[PDB]
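Student: part one of the complex, left exactly where it sits:
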Amino acid sequence: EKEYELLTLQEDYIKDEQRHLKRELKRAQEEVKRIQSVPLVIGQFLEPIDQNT
Amino acid sequence: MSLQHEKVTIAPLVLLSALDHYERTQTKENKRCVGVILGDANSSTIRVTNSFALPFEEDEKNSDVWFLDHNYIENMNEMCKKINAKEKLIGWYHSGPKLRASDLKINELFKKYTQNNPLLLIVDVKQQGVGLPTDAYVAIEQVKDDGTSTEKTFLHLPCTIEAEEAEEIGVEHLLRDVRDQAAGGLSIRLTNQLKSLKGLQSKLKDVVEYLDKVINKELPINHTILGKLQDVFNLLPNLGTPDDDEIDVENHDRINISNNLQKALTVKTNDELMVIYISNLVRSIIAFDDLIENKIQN
Amino acid sequence: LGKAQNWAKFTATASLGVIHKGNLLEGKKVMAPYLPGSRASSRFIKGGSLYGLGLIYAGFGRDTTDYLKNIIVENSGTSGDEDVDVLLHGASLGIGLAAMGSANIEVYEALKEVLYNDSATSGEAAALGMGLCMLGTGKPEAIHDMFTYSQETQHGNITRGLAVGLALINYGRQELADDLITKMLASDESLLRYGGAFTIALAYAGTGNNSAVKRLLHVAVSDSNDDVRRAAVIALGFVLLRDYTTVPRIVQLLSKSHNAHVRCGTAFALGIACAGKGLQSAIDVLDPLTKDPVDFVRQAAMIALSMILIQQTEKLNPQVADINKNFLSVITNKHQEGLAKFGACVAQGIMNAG
């Protein structure tokens, strides 16, 4: 019966862990935004080599 | 002198400095600290850029007894003008905990130095304030019109923080907390709603107790505070305005769009049901094959 | 061996005392030319001979204590000279392992004075030898004493010694250690949290008190300071010795942690808990950990594995033999990061330990 208490504790724990990764998601968003910003330098895109490069 | 002192911005570095100075002189628990505050002035925004501890002795037997080493403030200033000319004498900080009538005298000595009005920045280093532990006050000279002589006083100027770009990127990087209020998600602003009420309730109490003190402790009638309170009762929202009826239609719009957006999220969750479910059906097949494939080798 | 210098030499010297462990009549004798008062080749050897003496004589070392005790009491004060600093570092470690479980209030007292001296590196050593001597009593004199001196000390090595030394005396004291445990986590200081995770471990060891896990899990998630994160995960292995079969489950989730620190503590938790006879689950957890890019995760990983799979017949589980040859592959590669290599060589030594 104490072993089955531990399964309730693990369940509880991971709601907190997934919740955490929500916050984190947002905070990571901030970082990306700072790059987008000034100062910038204007270029000419040529061709792709790659979907992400 | 100068009357342009409409805004006060405060580098966080200043704040950090004020506690540092307090502890290096070994002043504590109703021992006071006076330092110079340096920065820009003859400009609307007073920009407090820096602060530096000065020689100061505090006497408790006579509160109007203190030491300041006048020569030293001149000397130090000379050095820092060489480092950066934009820094100039702009007044003096006090560590609090509170403002005094001795700080009026003290003001006067800094007034001589200063070609602006000396800014008195009350940094409570202890930070007992729920919000801002920093008040900014500017010595003004005005006839207090009541049948009383010209009065010299410290009138509150709201102050805000500000950070230089160069400091700020580093401030943000140091910090990583989830915050009491960040204006983030629903649950975060929701906490702020509970906080904001309890804010107001304490805040209104302060008013009630002043009104007692006028007729029980004979605090000087300040016709000015009481004038502002008249404007509160006078401009007060009331019900049975056609404005209630307008808010009442608005309520209905705000829930109705919410309701429909709730319904739309139902469709998205129902979509994922199908997709994961289709995968399971296929998983049954791949599982059966495993058993089938084992038979063929045997 | 001759290629060694500085503190690597002191390590060499203490290692001899692990080989020469037992053979107690000659316990003193193998280490006997090396002992100070009979040696003067190098100071690292003189310090490192004392350290190696207490490791031979660990546990029951009553006769041996009295030899050490002269050096401790003599050198109690003054240690700013660097020859004495090394001497005393290595001495304080000896004396603490020999008077283990002896409740020597005299030894405790001695190292107490060494603690107050703020002997540079021997102060950490002293802090450690105190809890070792008085292990498991929870003596109130010790608790307040260690507690008060940790915040006063601003030397971080001393701060560390004390944090761990607090945990040791509160070994296997259950709720009677709860009063302290409360205090260590509320201290915001990182040093103190690091030692706090393992206080919880020792006190609630052998009992899967439900309440204990709930605290470790809550600290791990809520404390962003990184060494603390790692500690609390390691700490789970000891509390949950009783049924160690629930441990692979918890830390599975924490093996998939983005954070590097968290993942390291997974490896260690498994290693400790399951160090007895093999459990298959643990191997599978530890396999992404072995080739994890983080240098210390790989290191941790390879060590953990060996504790689990502690000497077993090669045939019996064919898997054991191959994990051994992976260790070898790592060392063969001279393009493998030094750290990854440090763990590997040790790990093969545990597999074939003794």
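Tutor: Cool, the structure landed. Residues are numbered from 1 along each chain as shown, chains lettered A, B, ... in the order given.

Student: Show me what secondary structure element comes after the helix or strand harbouring residue C:125.
Tutor: Element membership for residue C:125 (DSSP states H and E) is helix C:122-133. Next helix or strand after helix C:122-133 toward the C-terminus (DSSP H and E): helix C:140-152.

Student: Next, the buried residues of that following helix.
Tutor: Residues C:142-143, C:145-147, C:149-150 are the ones in helix C:140-152 that count as buried (16 or more other CB atoms under 10 Å in any protein chain shown). No exception for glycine: its C-beta is placed from N, CA and C like everyone else's.

Student: for stretch C:253-262, same thing?
Tutor: For stretch C:253-262, the neighbour count (16+ other CB under 10 Å) marks C:254-255, C:257, C:260-262 as buried.

Student: Next, format those as TSV and append distance to chain A.
Tutor: Formatted as TSV, the buried residues of stretch C:253-262 follow (distance: CB to the nearest CB, whole Å):
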residue	distance to chain A
C:254	9
C:255	13
C:257	9
C:260	15
C:261	15
C:262	10
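
Student: Distance to residue C:319 and secondary structure for the residues you listed - can I get that in CSV?
Tutor: Formatted as CSV, the buried residues of stretch C:253-262 follow (distance: CB to CB, whole Å; DSSP: H, G, I helix; E, B strand; the rest coil):
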residue, distance to residue C:319, secondary structure
C:254, 24, coil
C:255, 19, coil
C:257, 25, coil
C:260, 27, helix
C:261, 28, helix
C:262, 26, helix
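
Student: Tell me the one of those nearest residue C:283?
Tutor: Looking at the buried residues of stretch C:253-262 and their distance to residue C:283, the nearest is residue C:255, at 12.4 Å (CB to CB).

Student: hang on, that closest one packs against residue C:266?
Tutor: Yes: using CB atoms under 8 Å as the test, residue C:255 is close enough to residue C:266 to be in contact (4.9 Å).

Student: Give the residues shared as contacts by these two.
Tutor: Contact with both residue C:255 and residue C:266 is made by residues C:285, C:289, according to CB atoms under 8 Å, 6 or more residues apart in numbering or on different chains.

Student: so how many other residues sit close to residue A:22?
Tutor: Neighbourhood size, residue A:22 [other CB atoms under 10 Å in any protein chain shown]: 12.

Student: Next one: it relative to residue B:198, how far apart?
Tutor: For residue A:22, the distance to residue B:198 equals 27 Å [CB to CB, to the nearest Å].

Student: let's put chain D on the structure above:
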Amino acid sequence: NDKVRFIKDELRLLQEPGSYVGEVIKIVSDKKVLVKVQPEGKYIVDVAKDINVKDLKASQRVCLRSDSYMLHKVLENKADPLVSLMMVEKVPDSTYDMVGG
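Tutor: Adding chain D to the chains above:
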């Protein structure tokens, strides 16, 4: 967890300063290739461990990391006008019958 990882990875790639593009002019036996790095002058530079003198072909366009000029990937990829004309042009429509008379 993976999404938090993903956004982070995107962040770390972008950092990279430099990053160019040469062409293998010829190959030598010294674990090197002479590259005319196109925006720059010439550089004779050693191979990265990932792609070697064996694999390389003369006149193949290549990617390079930073100011190091270590090999990244080989690029098949070539800018040519014929290719550029095709993109304007797209998939040629249409059935024979319509033309038919």
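
Student: once more on the buried residues of helix C:140-152, with chain D this time?
Tutor: Along helix C:140-152, these residues count as buried under the neighbour rule (16+ other CB under 10 Å): C:142-143, C:145-147, C:149-150.

Student: same check, this time on stretch B:151-158
Tutor: For stretch B:151-158, the neighbour count (16+ other CB under 10 Å) marks B:154, B:157 as buried.

Student: For chain B, what lies in contact range of chain C?
Tutor: Within chain B, the positions near chain C by CB under 8 Å from any CB of the partner chain are residue B:176.

Student: what are the C-alpha coordinates of the helix or strand harbouring residue D:83, in CSV please?
Tutor: Per DSSP H and E, residue D:83 falls inside helix D:81-89. Output in CSV follows, covering the C-alpha atoms of helix D:81-89 (Å, rounded to 0.1, in the frame of the first residue of the first chain):
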residue,chain,number,x,y,z
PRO,D,81,21.5,30.6,-65.4
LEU,D,82,19.7,27.6,-67.1
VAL,D,83,18.4,26.5,-63.7
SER,D,84,17.4,30.1,-63.0
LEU,D,85,15.4,30.2,-66.4
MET,D,86,13.7,26.9,-65.5
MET,D,87,12.2,28.3,-62.2
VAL,D,88,10.5,31.3,-64.1
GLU,D,89,9.3,28.7,-66.6
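
Student: which secondary structure elements does that helix contact?
Tutor: Using 3 or more CB pairs under 8 Å, 6 or more residues apart in numbering or on different chains; DSSP states H and E as the contact criterion, no helix or strand is in contact with helix D:81-89.

Student: C-terminal to that helix, what's the next element?
Tutor: Downstream of helix D:81-89 (by DSSP H and E), the next one is helix D:96-99.

Student: center of chain A, which residue is that?
Tutor: Chain A has residue A:25 as the residue nearest its centroid, 3.4 Å off, counting by CA atoms, centre = their mean.

Student: no, scratch that, I was asking about chain C
Tutor: Centrality entry for chain C: nearest residue to the mean C-alpha point is residue C:164, 9.3 Å, by CA atoms, centre = their mean.

Student: Name the nearest residue to that residue, ignoring sequence neighbours.
Tutor: Closest residue to residue C:164 apart from its sequence neighbours, by CB to CB, 6 or more residues apart in numbering or on different chains: residue C:195 at 4.9 Å.

Student: and that neighbour, how many residues sit next to it?
Tutor: Per other CB under 10 Å, the neighbour tally for residue C:195 reads 21.

Student: which parts of the stretch 101-250 of chain C sit against chain B?
Tutor: Proximity of the stretch 101-250 of chain C to chain B, by CB under 8 Å from any CB, involves residues residue C:224.

Student: following sequence is chain E, place it on the structure:
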Amino acid sequence: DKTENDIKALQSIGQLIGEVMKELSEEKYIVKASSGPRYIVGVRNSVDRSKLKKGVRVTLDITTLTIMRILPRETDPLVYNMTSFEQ
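Tutor: Adding chain E to what we have so far:
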């Protein structure tokens, strides 16, 4: 006072001028630098966007390439001469 001017000047630091090549937004403006390369720089909320106009000279910090304020438009002697002539 004159020797103080030098020490002050070294602390003021040389400024880079561009000129408004092309408004893009209130918050981001395209400038082409006098020294050379085209940039997208930002505008402070201290300087109203109505002042900023196409072909007006502007001054920007080097550090961050952001417009601090307006400058009066470059003095061109040519169009002064043209006006003068007649008398």
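
Student: let's see the neighbour count of residue A:22 again after adding chain E.
Tutor: 14.

Student: check which helix or strand covers it.
Tutor: Using DSSP H and E, residue A:22 sits within helix A:2-36.

Student: what does the next helix or strand after that helix rub up against?
Tutor: Next along the chain after helix A:2-36, taking DSSP H and E as the criterion, comes strand A:40-41. Defining contact as CB under 8 Å, 6+ apart, one finds that strand A:40-41 is touched by E:37-41.

Student: I'd like to know which of those is nearest to chain C.
Tutor: The nearest member of these to chain C, counting by CB to the nearest CB, is residue E:40 at 33.9 Å.

Student: ok, now which ones touch the closest one?
Tutor: By CB under 8 Å, 6+ apart, residue E:40 lies in contact with A:38-42, E:24, E:28-31.

Student: how about a cut-off of 6 Å?
Tutor: By CB atoms under 6 Å, 6 or more residues apart in numbering or on different chains, the contact list for residue E:40 reads A:40, E:28, E:30.

Student: same thing with residue D:20?
Tutor: The contact partners of residue D:20, taken as CB under 6 Å, 6+ apart, are D:37, D:64.

Student: Please apply the same query to residue C:345.
Tutor: For residue C:345, the contact set (CB under 6 Å, 6+ apart) is empty.

Student: picking that back up, neighbour count for the contacts of residue E:40 - can I get that in TSV?
Tutor: Conversion of those to TSV gives the following (neighbours: other CB atoms under 10 Å in any protein chain shown):
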residue	neighbour count
A:40	16
E:28	14
E:30	18
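
Student: which one of these sits closest to chain D?
Tutor: Checking the contacts of residue E:40 against chain D with CB to the nearest CB, the nearest one is residue A:40 at 13.4 Å.

Student: I'd like the contacts of strand A:40-41 laid out as a markdown table, including secondary structure.
Tutor: Shown next, in a markdown table, are the contacts of strand A:40-41 (DSSP: H, G, I helix; E, B strand; the rest coil):
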| residue | secondary structure |
| --- | --- |
| E:37 | coil |
| E:38 | strand |
| E:39 | strand |
| E:40 | strand |
| E:41 | strand |
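
Student: Give me the buried entries from those residues.
Tutor: Among the contacts of strand A:40-41, those scoring as buried are E:39-41 (criterion: 16+ other CB under 10 Å).

Student: Which residue comes closest to residue 6 once chain neighbours are left out?
Tutor: The chain I'm using is chain A. Per CB to CB, 6+ apart, closest to residue A:6 is residue C:246, 5.9 Å.

Student: ah, no, chain C please
Tutor: Using CB to CB, 6+ apart and skipping the chain neighbours, the partner closest in space to residue C:6 is residue C:44 (6.5 Å).

Student: Please consider this matter closed, and thank you.
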